[PDB]
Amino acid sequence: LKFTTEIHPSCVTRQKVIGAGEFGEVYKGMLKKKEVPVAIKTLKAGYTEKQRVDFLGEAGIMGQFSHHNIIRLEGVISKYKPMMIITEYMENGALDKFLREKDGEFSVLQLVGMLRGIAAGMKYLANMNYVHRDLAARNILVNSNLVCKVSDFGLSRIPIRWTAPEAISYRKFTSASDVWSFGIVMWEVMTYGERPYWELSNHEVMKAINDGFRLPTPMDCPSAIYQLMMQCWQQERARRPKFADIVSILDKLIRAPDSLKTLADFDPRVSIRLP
């Protein structure tokens, strides 16, 4: 915690609720240059020792990171109550909701650029020896430059449809199970926030994966992008790409953007036959 800035409560004004529930809220606010917008997570009085450890532990983890694609910590209020964690404010909110509300509005190159940013954040985390365990579009935040930043840190936090088989089966969470999750995130981005495996139950998903089924190609998806998410979903952990590999491949696709024009075939679930 010694790494984090202690912010005085008088510098913080909460303006609008934007999330959370039982033991605190998340607000958009202003931090007092001139005042800058921030997000503010609170911890209400009555919190337990474990709640305090997990709450300040998230701040402690975030304060150790300094990367473009990782949510930045402004500081904490720990001396006064309620306690607060103050971060940069991401104007466009969670990536999954953002894509669903903006269906079809971005170029393929913009979507792939979002994935590159997420992958760069994840490469940083993995090399820093941090395993996320809950990588999903709902835990990616988007700013007004369309920059995607990984969020939701700690060990306070399984989400079956995003989780690698070894993590479901015997609780082995590694950066390689995060790669599996990243593949699902690729699919979420390229589908504009479709629900993975649609209406299959959790048990049906686990069974489908164990029998070798994988999510089908999104519409209008570059062949290179589908091949890459498929390799993220290798049953054998050692065969998946590392995040270094993913960043490299996405970089090269974006720098030669004509590579993205070759689309993988889409399997239509409906046929319209007209004379």
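Don't overthink the numbering: it's just position in the shown sequence, from 1. Whichever C-alpha set is largest while still superposing within 1.5 Å between the two forms counts as the rigid core.
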### Summary
Between 78 to 86 and 181 to 189, greater root mean square CA displacement in 9 other deposited structures of this protein relative to the shown form, after rigid core superposition, belongs to 78 to 86
## Note on the structure
Quick note, superposing on core in 9 other deposited structures of this protein and taking C-alpha RMS, the more shifted stretch of 59 to 67 and 243 to 251 is 59 to 67
### Query
What about residue 171, is it left unmodelled in a third or more of the other PDB entries we looked at?
no
### Query
Would you say residue 157 is missing from a third or more of the other compared entries?
yes
### Query
Can you say how many deposited residues have no coordinates in the span between residue 157 and residue 158, choosing none, 1 to 3, 4 to 9, or 10 or more?
10 or more
### Query
Can you say how many deposited residues have no coordinates in the span between residue 32 and residue 33, choosing none, 1 to 3, 4 to 9, or 10 or more?
4 to 9
## Note on the structure
Quick note on 220 to 228 and 41 to 49: per-entry mean CA temperature factor is higher in 41 to 49
### Task
Pick between 165 to 173 and 81 to 89: the one whose mean CA B-factor in the entry is higher.
81 to 89
### Message
When the deposited Cα B-factors of this chain's modelled residues are ordered and cut into thirds, is residue 151 in the lowest, the middle or the highest one?
### Response
highest
## Note on the structure
The third of the chain into which the C-alpha temperature factor of residue 69 falls is the lowest
## Note on the structure
Of the three thirds of Cα B-factor ranks in this chain, residue 210 occupies the highest
### Query
Comparing residue 246 with the other modelled residues of its chain, is its CA B-factor in the lowest, middle or highest third?
lowest
